[PDB]
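Protein chains in written order, with the authors' numbering: chain L, 31 to 222, 237 to 534; chain Y, 245 to 541, 548 to 555, 595 to 610; chain R, 7 to 443; chain H, 2360 to 2507. Data block below; observations after.
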Amino acid sequence: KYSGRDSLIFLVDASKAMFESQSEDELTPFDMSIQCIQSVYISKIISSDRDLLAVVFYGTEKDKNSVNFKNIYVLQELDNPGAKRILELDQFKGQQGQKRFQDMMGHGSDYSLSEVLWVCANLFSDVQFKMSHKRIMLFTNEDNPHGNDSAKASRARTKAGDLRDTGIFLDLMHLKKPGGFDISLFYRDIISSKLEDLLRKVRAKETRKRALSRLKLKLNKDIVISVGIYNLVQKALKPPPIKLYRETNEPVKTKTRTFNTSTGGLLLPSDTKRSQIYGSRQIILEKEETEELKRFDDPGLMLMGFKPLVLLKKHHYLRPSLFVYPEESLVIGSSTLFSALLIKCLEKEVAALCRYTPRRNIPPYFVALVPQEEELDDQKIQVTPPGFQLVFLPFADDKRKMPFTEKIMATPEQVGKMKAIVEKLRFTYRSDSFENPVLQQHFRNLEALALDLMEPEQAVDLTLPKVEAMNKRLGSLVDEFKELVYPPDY
Amino acid sequence: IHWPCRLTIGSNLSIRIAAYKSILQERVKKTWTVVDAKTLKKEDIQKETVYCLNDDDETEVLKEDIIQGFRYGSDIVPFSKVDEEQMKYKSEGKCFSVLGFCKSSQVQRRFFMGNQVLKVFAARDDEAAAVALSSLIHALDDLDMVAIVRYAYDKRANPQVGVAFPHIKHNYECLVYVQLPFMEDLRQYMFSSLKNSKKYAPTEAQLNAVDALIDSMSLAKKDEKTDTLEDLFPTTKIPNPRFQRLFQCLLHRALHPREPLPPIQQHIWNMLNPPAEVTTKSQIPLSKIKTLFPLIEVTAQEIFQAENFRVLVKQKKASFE
Amino acid sequence: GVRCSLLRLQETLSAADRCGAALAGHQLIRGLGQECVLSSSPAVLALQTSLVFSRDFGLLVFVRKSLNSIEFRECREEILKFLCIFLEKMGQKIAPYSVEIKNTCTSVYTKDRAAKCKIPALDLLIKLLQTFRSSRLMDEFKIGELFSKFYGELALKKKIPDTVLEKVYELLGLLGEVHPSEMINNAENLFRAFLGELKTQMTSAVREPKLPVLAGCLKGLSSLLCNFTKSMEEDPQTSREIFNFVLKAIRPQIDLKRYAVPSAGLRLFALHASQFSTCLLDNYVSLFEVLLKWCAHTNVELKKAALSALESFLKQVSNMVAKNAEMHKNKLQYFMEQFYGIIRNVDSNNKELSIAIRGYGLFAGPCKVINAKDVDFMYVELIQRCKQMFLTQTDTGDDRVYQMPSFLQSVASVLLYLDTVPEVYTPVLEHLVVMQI
Amino acid sequence: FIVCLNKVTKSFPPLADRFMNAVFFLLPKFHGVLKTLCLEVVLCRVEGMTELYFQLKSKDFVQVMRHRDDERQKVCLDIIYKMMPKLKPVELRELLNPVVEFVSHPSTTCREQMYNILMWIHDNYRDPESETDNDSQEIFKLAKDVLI
DNA sequence: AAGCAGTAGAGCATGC
DNA sequence: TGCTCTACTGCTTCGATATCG
DNA sequence: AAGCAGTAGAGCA
DNA sequence: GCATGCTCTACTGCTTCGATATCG
C-alpha cells in the first residue's frame, strides 16, 4: 500500500558469553550490538521517522513480557524513534554499563528457544496500523541452542515456519566469534557478517513515492488517454520551525485577523477590494476577477505535432523534468497505445510536443515529451524506467542576451597539456555522494541538542575538493601551464 | 548580472572570471494591494497577529515570550536562535573552484535540478585570464571532457556543485553551468516493464498505423536543397500569454469601469495553435486509429442558470368533414 | 448500574497505558448512556439526572479533565452525541443544569482541534437554545457575548472547514429568533455577513460551489427574518436581493442529488413571503411552473416543503390582484384558465387537482371586483361540481375522500363574498359538511 | 479474507487448521462485526486444540468479554463453556472473576449461558476427594453464591 | 493526491 | 577651486507564509 | 528579512 | 391508494503530506 510503514524488532542474545569479552580485550559483542542498534535508531529518527522500532533482549535473569514467560525481558515497545527511548538505550556501555545491565535485569539463565519468537509475534500482532515489511534482526553468535533436546529443535523449526507463512521474515547478523566467515552451519533454512550499513550509511534520506498529478493526454481533438506525472528530483529542504512558549514548552496556536476601519470593528472578507495603483490613479477589481484573468484551458496535455530528438537543444532549461506514465485507471487500453507510440517514436527518433496545464486554473505552458527506454541485466541495474520525459521549454522572456563583443584567440599548444591535466584528473564521476553540508551539520546539531552528548559532530565536507591529493597528484606541470605564454607579464 | 569570481585549478591556477545568468522563470513585480470596500483606501485596514494558548480562552502570550523549536522524533526540541545561529555553517566567501572532471558522460539530460543556467564567460581588463580559459574550453570542446565546478553565491548562500560543458557556437564558446542533484535529492523507484507483456502486446497492424500517424504529423521538414532540417512551429520565440491577458484586462477596467470580463482574444489562440494543415493531413489516420483500436473506456455561474359544430365551421377551424 | 460505570470511567483517566484506557472509556459510555435511555420511571430518572450531571464524578467533569489530550476523542465525541438525545427524552426539567451544559459546549468548541468533535458540540447548543425558548433563562445564557464570540470567529479564524461553517451560520440566526431583546444593535451587522457570503458562493466564476454552506446561510436567514422583518415598503432593496438569491437557489435547475439547497430556498419562501410582494408579481409564470414542477418530485420531504410554498404563492398574489383588479385582469384570466386546464384533465393524483380547486376557491374573490355575476356563476358551479363526486355516485365504492377539504374550504371562500344566497342548494350543503364531519 | 473464511468454515470445520495460527494474528484489529466473525471461526476448532489459553489471554480477552453486544457476548461465553475441562484452577479462578458480572444483565439467553456454565462448575468441582488448595476451593465459594 | 469512513437516497416489503 | 567616505540602493537569495491537490 | 558591490552627494586642501 | 419501515451502494467531505506560488 501507500501508507504501510516499515517495522523492525531488534532481538539481542544475552545468555552466556557475549556479556563477557569472549576472553579478549578489544570489544565485547554486546557493546557491538548496542552501538549498532543506537546507530540504526539515530539513522531512522530523521531518515524514516514514521516507522516502528522495538528492542528485546533475551536470556536475561529477570523477566517482563505480556505473555509471562520465564527469562524473556522486553525493553521498549513498537512506536516511533523517540529521543527519550534512545537516552534510555545508551546506558549499557562498557563495564559500568555491563554492571548496570546486571543490576537492572541480570544476565545468565537457562535460555529457552522459540517462545522468544512467540513474544515477537504477539508484539507484531497488537499494532493498530498497517505494516509493509516485518523484519526480525537477530544479533547473536552461536550455533546450537538446542544442543541436548531434539524436540526443542523440531519446535524451533515449526515456530519459525509459523512466522514464515504470515509474512514475518528474519535475518541474523551472525556475530563472528574469532572475526571471520567460519560457521557455514545449518541455519540457512531459518534465514531467508557485515555491519557497516547498520553502522553509518544512512545519515540523510527520506522515504516517499507520490504521483504529483493525474492528467489526460489528448491528441488535439477528441482522442483521450490517461497519464500520470511522477517526480524524480524534488530538491529537499530541512523541516521548518514550530513556535513555542518557553515557560512550559507548548505551542501557542497563532491566530491573525484584519480589523480597525480607523474606528474599531472587524471586516469579514466581503468588504475588501483588490487594488493596484499605477502612478496617480488606481485600478480596482474584485477577487473573482483578479483570479479569473488567468484562465486558458482545461487541465491536461494537448498534443501539437512531432519533432525529432535532435533539433531541441537540451541545454534550454528552467525547471526540472518530470516523468509520465500510462495508467489504466482513468481510461482503459492506454499502455497499448503508449507502448506502440513509444516504439515507433524510438525507431523513428521522434518526440512529441505538447501544451500543458497542470491544475484547474493555470495559464498554458509548452512542454516537449522526449522518449526513453529502459535497461536491465542479470544484476538488475536500473538507471532508466521505460517512459517519457517532459523537458520544459522557455517562451520568450526567459532568455537574456549577453553583450558578446570580445573575440581574441591564441596558439593551439595549451590544449595538449590541458588534456594531460584533465587525464590526470580523469575518473568515473559518481553514482551518489556529494551530500549537503548545511543540512547535514543541522542534522547533527539537532542530534547533539536532543541528546546533550558532547559537541557538534563536525560533518566531513565531501563537497570540498582534495587540494592536497590534487596538487602533488598533478605535480610540476602547473608552473609550465601557468608560464608557457600567459604569465600576467606585469 | 556580472557575477565575479576566480576560477582556480589546484591551488595556483588563478583565472579571473565573470558569469552571467540565463534562462530562468519569469513573473511580474506588482502584487495586489488589499483595500476596503466603499472607501477605497489602503490604510483603512490593519492586520494583527496574536498567539494565545490552548486554555479555556485566549490567555495570550507576547512577542517577548516565544522561542522556536523543531520536530525531532516524537517531541519538539527547544533552544531557538542563538543556538542555531552559533552552530551554523560558514561558506568562507564566494567559491568557484573545480572539484574534478569526467569523461564518460553519465552526466546526462535528465539530472539537472538547477532552476537557472549560468553562462560563465570570461573577464575584462587585459584578458590573460580569458585567453587562459579559452585554452581551457578549446581543450574541453574537442573531447567529451566535462568539468565539475563548486559554486556558491555568498556567505549567506548555500553550496553548489554543477556541470560545466563547453558550447557549440561560432561567435563565442563560453562555458555553461547547471547545478546538480545531491545524495538526498535523487529518489528513484521501480516502474514496470512493457516489452514482455502478455496482456498489453500491440498488433503490428496497430504499429504501422501509429507509424503512419507519425509520418502524417511531422512539424519540421528538410527543404531548400541545403539538406538540413528547418522547423515549423518553434516553441521558443512566442511571448508568454498570461501577462498579455493581464495587460489587456487591466486596460479594459481602466477604460470602461462598469463592463464585465472580456473573453480571450482570437489571435492569441491562433498564435498558441499550430498550422492546421497538419490537422487536415492527419484527419484520415486519426480516424483510422480510432476505428482500429478497441473500446477506450461545474462552475457556479454555470450550475445555477349539431349547431355547436356548425358555428365551429362558420367561425374558423381546420378542414371539413 | 450507573456510578460504578462512572467511577470506573474516572478511574481510566489518570492510569498508565493510555489508548488502552480510551477504549475502556468508549466501552463504559456506550453502556451507561444506553441504560440511561431505556428507563420509564420518574424515580430512577430523577436519580440518573443527578448521577450523570454530578460534580464529583459524572459526564461533565470528564470533558474538563480529559480535554488536553488526543487519545480520548471517540469518548469526547460520544458524550456530546448522547447529551443531544438526553435533552430530548427530557424537556424543560434540565432547567438548573443548563448553564453548565452551555459552558461545556463553548469550551469544547474553543479548545479542540478536530471537526468531528466540533459538530456535536454545536448540535447540543442549538437544541438547547431551541428548547429553552423566549423565557427566563436567556439572561443567564449570555447572548451578548455568545454572539460576539461566534461573530468574531468569521474573521479571526482561517479555513473553518465546511460543516462547521454550516452550524456557525445557523447559530448566528437562532439568537435573533429566540431572545431578540439583546440583538437590536447587532442584527444590522448580520445581514451584510449573510449577503456577502451568499453572493460569493453563487456568483463566482472561478470555482465550484460548496453546498453545505448555502444550506446553512439560507437556514440562518430564514430565522433572522422572523422578528426582524424587511418588507418591500420602507427600503425595498435588501428584500429584492434576498429574492434574487432565493431565486437563483430555486431556478428550474439541472438534475441533481443531495436536495438541501432547494429544500431551504423553498422554506425561506413558504414562511416569509409577505416581505417581498411587488417583486413577486412579474415572475408569476416561471414561479408557477417551477413550483408545480417541484410539487411532485417523488421525495417525501421535497413535496412537503414545496406544497406550502405553492399555497403561500397563490394566497399572497390573490390579495394583490383583489386589491386593484383593473390592470391585473390578464393575470386573473391566466390563473383561471390554468386551473381550468388542470381540472379538465383525467389524471391520477388527488393532490394534482386539490391545489387547483383551492386556487379556484381562492380566486373566487377578485371576480367580484370586475363582474359581480361570475361569483354567482360560482357557488352553483362549485356545489353542483362537489355533490355527485362522492355523495351519490359510489357512496361506498370510491377512494375519493381526499379532496373534500379543498372542496369545503373553496365553498367557504366563495360563500363569504356574495350577497343574496340563492336558497335552494342549502339542504345539500348541510349534507355535505355533515359528511365531512 | 475473513468474510469468505467464515462462510467456508460455517459448513466445514477442518479447513480452519491451515489458518488457525493466522486468525489470532488478525484478532486485535477488527473492532466490529468482523470480530464476531473471527470468534465464530475460533469456536469451530476449540475442542481439540492444545493450549489456546495463552494466546487468548495474550490477545486481551478480558476487555472483549466486556464490550456491548449480544452476539459477541454470546459467542464469548460459548467458547468458555467449551474450554472448561482442560484448564487448571490457577487460571479458571481468573476466568470466573468477570463471568459473574452476569447477574445484572438483560437478554435472558446470555444469562442462561452463564447459569449453564455455573451448573457444571458446581457439580464437578465439589472436591470428591478430601482437600485442595485455595483456588479449587474458592471457585466453589464463588459459584455457590450466584446459584443462590 | 490517497485512504477511509459516514450519511443521504432509492427501492422492496408492510400496514390502514 | 580637487579625490575618498557615505547615503542610498537595486537586486538577490533564503526564510516564513499561504494555497492546492 | 539579510548582504554586495554600483552610482552620485559631502570633508580636508 | 397513501403512509411508513428497513438496507445497501455510491457520493462526499475530512485528514495528512508534499509540492508550488508569494511576500518579506
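Here a beta-carbon is modelled for each residue, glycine too, at the ideal position from N, C-alpha and C.
For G37/R, the chain H residues whose Cβ falls inside 8 Å of its Cβ are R2427, in order along the chain. With fewer than 16 other beta carbons inside 10 angstroms of its own, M515/Y counts as exposed. In the DSSP assignment, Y175/R falls within the alpha helix (DSSP H) that extends over 171-183.
The way I'd put it, the region 359-374 of chain L does touch the region 267-287 of chain L; three or more beta-carbon pairs between them come closer than 8 Å. The C-alpha of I320/Y lies about 27 Å from the C-alpha of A401/Y. For the options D455/Y, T277/Y, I553/Y, the alpha carbon positioned closest to that of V394/L is the one of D455/Y.
Residue pairing from DSSP places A396/Y in a beta bridge opposite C339/Y.
Among the CB atoms of chain Y, none fall inside 8 Å of the CB of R130/L. In the DSSP annotation of this structure, the continuous segment of the alpha helix (DSSP H) that includes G347/R starts and ends at 335-349. A Cβ of chain L is located within less than 8 Å of the beta carbon of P2387/H. Using a CB distance cut-off of 8 Å, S2495/H does not count as an interface residue toward chain L.
For the region 132-163 of chain R, the set of residues with a beta-carbon nearer than 7 Å to any beta-carbon of chain L comprises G158, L160, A161, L162, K163, in chain order.
Burial state of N440/Y is exposed, judged by a 10 Å Cβ sphere holding fewer than 16 other Cβ atoms.
Shown here for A255/R: same chain residues with a beta carbon closer than 8 Å to its own, the five before and five after excluded, namely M208, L220, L224, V267, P268, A270, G271 in chain order. Classified as buried, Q2472/H has 16 or more neighbouring CB atoms from the shown chains inside 10 Å of its CB. In this structure, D429/Y is the residue among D429/Y, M461/Y, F435/Y, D467/Y with its C-alpha nearest to the C-alpha of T251/L.
The bridge partners DSSP lists for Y264/Y are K363/Y. It is roughly 53 Å from the alpha-carbon of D370/Y to the alpha-carbon of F323/Y. Within 9 Å of the CB of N405/L, the CB atoms of chain R belong to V212, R213, in sequence order along the chain. If only uninterrupted beta strand (DSSP E) runs of at least 3 residues are considered, those enclosed by the region 389-463 of chain L are 394-401, 409-415, 432-436.
Of all residues in the region 68-92 of chain R, those with a C-beta nearer than 8 Å to a C-beta of chain Y are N74, reading in chain order. Not flagged as an interface residue toward chain Y: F432/L, since no C-beta distance is shorter than 8 Å. Within the region 274-323 of chain Y, the runs of beta strand (DSSP E) at least 3 residues long that lie entirely inside it are, in chain order, 277-280, 290-295, 310-315. Contact holds between the region 502-513 of chain Y and the region 332-344 of chain L, because three or more Cβ pairs, one in each stretch, are under 8 Å apart. Residues of chain H with a Cβ closer than 7 Å to the Cβ of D156/L are, in chain order, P2387. Between the region 98-105 of chain R and the region 131-143 of chain R, the count of Cβ pairs shorter than 8 Å is three or higher; the stretches touch.
The beta carbon of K265/Y lies closer than 7 Å to those of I245, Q360, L362 in the same chain, with the five residues before and after it left out. Excluding its 5 nearest sequence neighbours in each direction, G127/L has C-beta neighbours in its own chain below 7 Å: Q121, listed in chain order.
Taking the Cβ atoms as the reference, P500/L lies roughly 6 Å from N489/L, within the contact range of under 8 Å. According to DSSP, residue pairing for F2378/H in a beta bridge does not occur. The region 433-443 of chain L and the region 454-470 of chain L do not touch, with fewer than 3 CB-CB distances between them shorter than 8 Å. Rounded to whole angstroms, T524/Y and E333/L show a C-alpha spacing of 38 Å. Taking 8 Å as the cut-off, the Cβ atoms of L419/Y and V351/Y do not count as close.
Contact of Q2422/H with chain R is assigned, a C-beta pair being separated by under 8 Å.
For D2376/H, the closest alpha carbon among the candidates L57/L, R517/L, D192/L is that of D192/L.
Contact residues of the region 302-320 of chain L toward chain R are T302, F303, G309, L310, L311, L312, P313, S314, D315 (C-beta to C-beta distance below 9 Å).
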